[PDB]
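Chemist: Following this message is one structure expressed as structure tokens.
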Ligand SMILES: CC(C)=CCC/C(C)=C/CC/C(C)=C/CC/C(C)=C/CC/C(C)=C\CC/C(C)=C/CC/C(C)=C/CC/C(C)=C\CC/C(C)=C/CC1=C(C)C(=O)c2ccccc2C1=O
Ligand SMILES: Nc1nc2c(ncn2[C@@H]2O[C@H](COP(=O)(O)OP(=O)(O)OP(=O)(O)O)[C@@H](O)[C@H]2O)c(=O)[nH]1
Ligand code: SF4
Ligand code: SF4
Ligand code: SF4
Ligand code: SF4
Ligand code: SF4
Ligand code: FES
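Protein chains in written order, with the entry's author numbering: chain C, 19 to 237; chain I, 61 to 120; chain B, 2 to 184; chain G, 13 to 792; chain D, 333 to 442; chain O, 5 to 128.
Shown next, in the form of structure tokens:
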């Protein structure tokens, strides 16, 4: 579907996360939508890239693999379909017209309020020969956080994919060894998830203490 | 204290009154603590203060 | 050691004074930087200042030779075991300087990942604010540690001081109870 | 549900006929700036902040007042440059006279004016002239401080105090630029719902004196919560800084309380910190109450309770979460093998327990607040909604204003609450209520579909009253609901904390019910002997036939015969008290356990409609709830109560489920003849004022200073018969003692004197030791 | 602005927001306390840090706090080269290689 | 004989809280409990070196030297060291409590029954 992804639904004015400190202002319903798919004439080389991609992949393979294309602030995001990620990445790296040699890493981002698409892995790719860059985005559910690892295509991802797992639990199936890299192997939970509490302690003061920022009010 | 990224300032306001006035106006900082084992010296507090009551000396 | 078994008369006093002098004047740090504060510690050793002036040029690489531990950085959870191992592997007497807000109390990083003060894992002799503490502040803290070292008891005096400090410490009301003008 | 379709900005939506443009734009995600608008207040369009361009309209129209018409086109500030200009100009004009007070204004950080001046305001002032100035702040009551300069004169406070609450003790005053919200001259604001104005003001004009300068929004730990005080079960938001609760805002729950509170719920939170709190387990030794460990205290309590065995009674009180009541009941059933369980720490009767078993217990979510608003006719028996469950009063007033709800009260005199409802009195002396109910079986208003009959807890005090009300409900077909005064009463009933009941409403006298609970408790069999009501338990203990009492959060002064109750607790050889604060029972008890207050414990209440009101522990503390205390006392006694937390108690209550079998018989008590008072004597009527001297209002002198001045009330005929005059201090009396209050001659049945039940200086139970409906002497 | 009493808000600004400019006061208060709220969206922006392509993935949920800020620190990726540049060589040469990578561990571990 | 429990914390209120959770006789099927209270790491260490303790409760939040560090030290330094219980000021501190090798860990605020049960488990 072309409808945007709503990562959150703000209720009420002033960004209240709960009932709100003034009465009568909580009735607004503002969904938090990320940008939807760009219409078609993607700016700059983006079209030149995507068209080329659509050429190297078939119409059927391209349609099954690329879920969405989002140009935002002159940055091209290819919301790629899970499972098909290794094929698309191989096409990007190998194709002379794309030739995105440099995958700069993998970053997990958690959207608990995005149904069936809770965990997004972002792959910044750069083509040095063509002086281009794009960002693949693969969405996985929370209940099935498995994503295909790009190791065979981008070895640089091995540590990134590890950190992202450690921090989000995104299981990059096919990765040689998804061991926690930052946190201890015996650590419980995945800290960068929103469900994981900040785990701070109150700051002490003569006769008082300030609870961590995650407990106190916010807007 | 609002602006402090480190939660290194604790402020409790209280009323100025004729029998006891500490600052011009209706409010004053009765309690003012800085936890210097949390203060990172960023200076955001200073930029936050609207009265220049808070400044940063060069004493270190 | 036998030096502490001397009778509590003038011999033990003078030995304490000389030993404190020497230990304050030769307070070799361990080569144990962690973070930002480690860079500022190197800057303190750098020529603009001279930590060597205070007999502290030798950043001891091996914990065995090191008499002082400038934590100088943020102790993550995964580092607390290593930091404690290094501390325990120094040979006594040894003091610990919690350089920076991160080392002393966790600093701005009030989080799961950070231990919130090396005091959790090792006894702290002196706490040093700053983020990072500028090298002049590090030298100030080290001089305060020198003052602490010189006035250090030994033997029977050490036991008496431990007893007195324990008795005094049992009475201080906790920080959370020092409600002043706080309503 | 005629739906009208219209385009706001470029987009299109369809909304119910009559919906306001501002509501539609809210629904579609568009923040039209607004101050005077309020969803629950009748639109006034005063501030003109919410202007929008509407197709075919020359002028901008206040979106808050523009009803949606079919095929309309509207363009907000997001797409109409003209509407943007209108809103920004209104914003500027709104800020020119506003004080530069944000650092010192309590509303700073949570101010709608600040936020909407950021989103919809000019970068900087254009106003180089002189600002309007008022001397400020000025108190309009003991609780509310008014800052007129910050007042944007939106009239939301005034509109609330008129429409929502029938308390127009403030109004817009003066004229022109000088217009200001104000009280009359010195007559204080004086409304049980005054705090709502503080929460309704879109600026710092109205602030809570208690919360003044206490904190800024970033310094608050904020948690959802439920009020502890009456069966209304309002959603609230508890804010605490430094571990101390600073305020309790109204929250938002349209199915219960909309966005409202009463002053009791909003400010009566300091009770847990007045310095009387029980910090550690206490033990009686040498006649003195001494701090004790948990280990030693549990050892002693288990020893005593095992020594008493089945010669024990558990007074559960009404200050308990559903889980706490369930633990008390289960503890009584197994750990003590007794059925002497009663949450009624108040005037009560066996007929009350019978009625609660017959109609209330197990019958969840019948009559609902939403139903109240649409009931064509509402009858009130022994129930003063303003004084008892003020939010029920708010809903009834809302029904009166919107859907023409007709309200009838069987009461001695028209209470201010009833008058605000436009309700009609059925003047009847206390005790004579059953006759009133029996005389209403032919009333056509109750025969109307959706008619409702609300019975207050006080109706239990009158013999034959509850059975009469049940008969009336059956004969007319109107839905009958019973609305207690304490938040834990209904949860206690659902917890089976009555002598005749078990969890889920299943009766004790039913063998199959006993088997179901015994299985669900993995136990052989529950006791079969009929339990003893609280009055029975207390009279028994005063006789020395009771071996030990377990009193959980009960104030003896609230019982019908407090002298009897203090004697009962004193004579009992072993008294185990789970108390939040020191009291008569804690003072006279042998073992005292501290139980965490509501702010620091997870749990759930039940409101009068049966809706669960769950809440998480806002404060985190070493304190433990009644649940854990009872569970570990049982464990020390050697029985697995299996209630380590409120979550387990909720799971067990779900497992036991509703009774569903042969519903217990109706009470059908005979309407006993009322006493007749001779000359110099009258029948006592009374109900607890909302802001009475209750223990949980302690530590909040402002809220007390906002309480209604206690007064005796009489018919001019009866005052003349006693020789008194209005304003003269009339004294009522009985053997125990006398209560003296200024006389306020009231239109009411002759031979009846009304006193506040437990207002300061009244304390009718303690002073007189009689219930409502009892004959009491009177004099000048 | 500095003064005889140390670094502080410039007295001109204090006068502006506390004596004259109400909108100025509101803006100071809100931008300091709540801070700007960024439109929702994602953006990956890279710079040429001394140690390489320091990238930042930034995600905003329309709020005043960032929804996500992930640093692709160049040092973290460069440390993948310890195997390549150390294996097979002398330990003294491995030290030189690791130094040549110039890993700043703060960025590596973040 | 009476059991001696070393309760270590520089916060007097935490020591009182521990002494409240554990009565003079916890679990009346158990011996009497004797409390030696210490508010400094050196004194806690010296008392441990004296020995004869059945359990030591070390406040993980002790200011100049945390109870977890003291726990690791006492296990490394006293032969036949008595079991150690730690009070942790944070749920995330559990991992460090695991590293401290204390037989059990009780999060702050001290839950009386939880602490009593933990102690009974260690002293049994
Ligand atoms: C009336 C009258 C005239 C009487 C005179 C009596 C008198 C004074 C006697 C003189 C003869 C003596 C001394 C006899 C007494 C008996 C005796 C010899 C005892 C020895 C006891 C002993 C083994 C040790 C105690 C100390 C002592 C005095 C030992 C000998 C002298 C020395 C200097 C020995 C060890 C010290 C030493 C050489 C090295 C210490 C270790 C280091 C690393 C040194 C410092 C140092 C070095 C070397 C770096 O490389 C470096 C590089 C970059 C930055 C910093 C550093 C740094 O800090
Ligand atoms: N065991 C227990 N006791 C409580 C709890 N909450 C309050 N209490 C105590 O219960 C006692 C009696 O409370 P109430 O019967 O409600 O008296 P009140 O505060 O005047 O309330 P009203 O009945 O409306 O007048 C008080 O002294 C409190 O200390 C609780 O959660 N558990
Ligand atoms: S310098 Fe000021 S703003 Fe920054 S951390 Fe320290 S107290 Fe807070
Ligand atoms: S205290 Fe500040 S300067 Fe020192 S290591 Fe921590 S973050 Fe860096
Ligand atoms: S009411 Fe709002 S705008 Fe006015 S001074 Fe207070 S915070 Fe500032
Ligand atoms: S006091 Fe508040 S609610 Fe009343 S008119 Fe003024 S701004 Fe509006
Ligand atoms: S009406 Fe009752 S439940 Fe609602 S806020 Fe007031 S006291 Fe609390
Ligand atoms: S909100 Fe519509 S005119 Fe005020």
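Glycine is no exception: its CB is placed at the ideal position from the N, C-alpha and C atoms.
Go through its chain and collect everything with a Cβ distance to residue 153/B's Cβ below 6 Å, but skip five positions before and after it.
Modeler: Within the same chain, residue 153/B has close Cβ partners 21.
Chemist: Under 8 Å, Cβ to Cβ, is there at least one residue of chain D near residue 37/B?
Modeler: So yes, residue 37/B belongs to the interface.
Chemist: Quick check: does the Cβ of residue 316/G come within less than 7 Å of any heavy atom belonging to ligand 5?
Modeler: No, the Cβ of residue 316/G stays beyond 7 Å of every heavy atom of ligand 5.
Chemist: How is the alpha helix (DSSP H) around residue 576/G delimited, first residue to last?
Modeler: Per DSSP, residue 576/G belongs to the alpha helix (DSSP H) from 574-583.
Chemist: Taking residue 234/G as the query, report the chain C residues whose CB atoms sit under 7 Å from its CB, ordered along the chain.
Modeler: Within 7 Å Cβ-Cβ: 36, 235.
Chemist: Do residue 61/B and residue 114/B have their beta-carbon atoms positioned less than 8 Å apart in this structure?
Modeler: No, the Cβ-Cβ distance between residue 114/B and residue 61/B is not below 8 Å.
Chemist: At a CB-CB cut-off below 8 Å, which residues of chain I make contact with residue 356/D?
Modeler: The premise fails here: residue 356/D is roughly 10 Å from chain I at the closest Cβ pair, so nothing lies under 8 Å.
Chemist: Does DSSP put residue 7/B in a helix, in a strand, or in coil?
Modeler: Coil at residue 7/B, not helix or strand.
Chemist: Any beta carbon of chain B sitting closer than 8 Å to that of residue 146/C?
Modeler: By this cut-off, residue 146/C is not an interface position.
Chemist: When you measure from the CB of residue 165/G to every non-hydrogen atom of ligand 5, does any distance come out below 7 Å?
Modeler: False, no ligand heavy atom lies under 7 Å from that Cβ.
Chemist: Can you have a look at residue 92/O and say buried or exposed, based on whether 16 or more other CB atoms are within 10 angstroms of its CB?
Modeler: That one is buried.
Chemist: Verify the contact flag: residue 59/B, CB atom, against every heavy atom of ligand 1, threshold strictly below 7 Å.
Modeler: True, at least one ligand heavy atom lies under 7 Å from that Cβ.
Chemist: Shorter than 8 Å from the beta carbon of residue 205/C to some beta carbon of chain D?
Modeler: So, not an interface residue.
Chemist: Which same chain residues end up closer than 7 Å to residue 656/G when comparing Cβ atoms and leaving out the 5 residues on each side of it in sequence?
Modeler: Only 640, 643 meet the Cβ criterion.
Chemist: Can you tell me which residues form a DSSP beta bridge with residue 432/D?
Modeler: According to DSSP, residue 432/D bridges with nothing at all.
Chemist: Taking the Cβ atom as the reference point for each residue, do residue 799/G and residue 611/G lie within a distance shorter than 8 Å?
Modeler: What is shown of chain G runs 13 to 792, which leaves residue 799/G out entirely.
Chemist: Nearest-angstrom Cα distance between residue 232/C and residue 97/C?
Modeler: The alpha-carbon atoms of residue 232/C and residue 97/C are separated by roughly 31 Å.
Chemist: For ligand 6, any of its heavy atoms closer than 7 Å to the Cβ of residue 218/G?
Modeler: True, at least one ligand heavy atom lies under 7 Å from that Cβ.
Chemist: Scan the segment 190-245 of chain G and note each continuous alpha helix (DSSP H) run of 4 residues or more that stays entirely inside, going in chain order.
Modeler: The segment 190-245 of chain G contains these whole alpha helix (DSSP H) runs: 206-212.
Chemist: Tell me where the alpha helix (DSSP H) around residue 141/B begins and ends.
Modeler: From DSSP, the alpha helix (DSSP H) with residue 141/B extends over 136-151.
Chemist: Going by Cα to Cα distance, which pick from 36/O, 50/O, 35/O is closest to residue 42/O?
Modeler: The shortest C-alpha separation from residue 42/O is found at 50/O.
Chemist: Tell me whether residue 82/I is buried or exposed, calling it buried when 16 or more other Cβ atoms sit within 10 Å of its Cβ.
Modeler: Exposed, by the Cβ-count rule.
Chemist: Let me know the beta strand (DSSP E) ranges lying completely inside the segment 591-666 of chain G, each 3 residues or longer, listed in chain order.
Modeler: Listed in chain order, they are 603-606, 615-618, 624-627.
Chemist: What are the boundary residues of the beta strand (DSSP E) that includes residue 190/C?
Modeler: Segment 189-191, the beta strand (DSSP E) holding residue 190/C.
Chemist: So, are the CB atoms of residue 543/G and residue 585/G less than 8 Å apart?
Modeler: Contact flag unset, no.
Chemist: Would you check if the distance between the CB atom of residue 363/G and the CB atom of residue 681/G is smaller than 8 Å?
Modeler: Yes, these two residues count as a Cβ contact at 8 Å.
Chemist: On the CB-based measure, 16 or more other CB atoms within 10 Å of its CB, does residue 127/G come out buried or exposed?
Modeler: Flag for residue 127/G reads buried.
Chemist: Looking at C-alpha atoms only, which residue of 619/G, 623/G, 606/G is the closest neighbour of residue 633/G?
Modeler: Looking at the Cα atoms, 606/G is the closest of the given residues.
Chemist: Using a threshold of 7 Å, is the CB atom of residue 704/G nearer than that to any non-hydrogen atom of ligand 2?
Modeler: Answer for residue 704/G: yes, Cβ within range of ligand 2.
Chemist: For residue 163/B versus residue 46/O, is the C-beta spacing smaller than 8 Å?
Modeler: Going by C-beta atoms, residue 163/B is nearer than 8 Å to residue 46/O.
Chemist: Verify the contact flag: residue 214/G, CB atom, against every heavy atom of ligand 6, threshold strictly below 7 Å.
Modeler: Flag set: Cβ of residue 214/G near ligand 6.
Chemist: Give me, in chain order, the residues of the same chain whose beta-carbon lies closer than 6 Å to that of residue 150/C; leave out the 5 immediate sequence neighbours on both sides.
Modeler: Hits under 6 Å: 63.
Chemist: On the premise that residue 683/G lies in contact with residue 476/G, defined as a C-beta separation below 8 Å, what is that separation, rounded to the nearest angstrom?
Modeler: About 3 Å separates the two Cβ atoms, so the contact holds.
Chemist: Examine chain G for any beta-carbon lying closer than 8 Å to the beta-carbon of residue 26/C, and answer yes or no.
Modeler: Not one chain G Cβ lies under 8 Å of residue 26/C.
Chemist: Is it right to say residue 19/O is buried, meaning 16 or more other beta carbons lie within 10 angstroms of its own, or is it exposed?
Modeler: With 16 or more other Cβ atoms within 10 Å, it is buried.
Chemist: Please state the DSSP three-state secondary structure of residue 425/G.
Modeler: Residue state, collapsed to three classes: coil.
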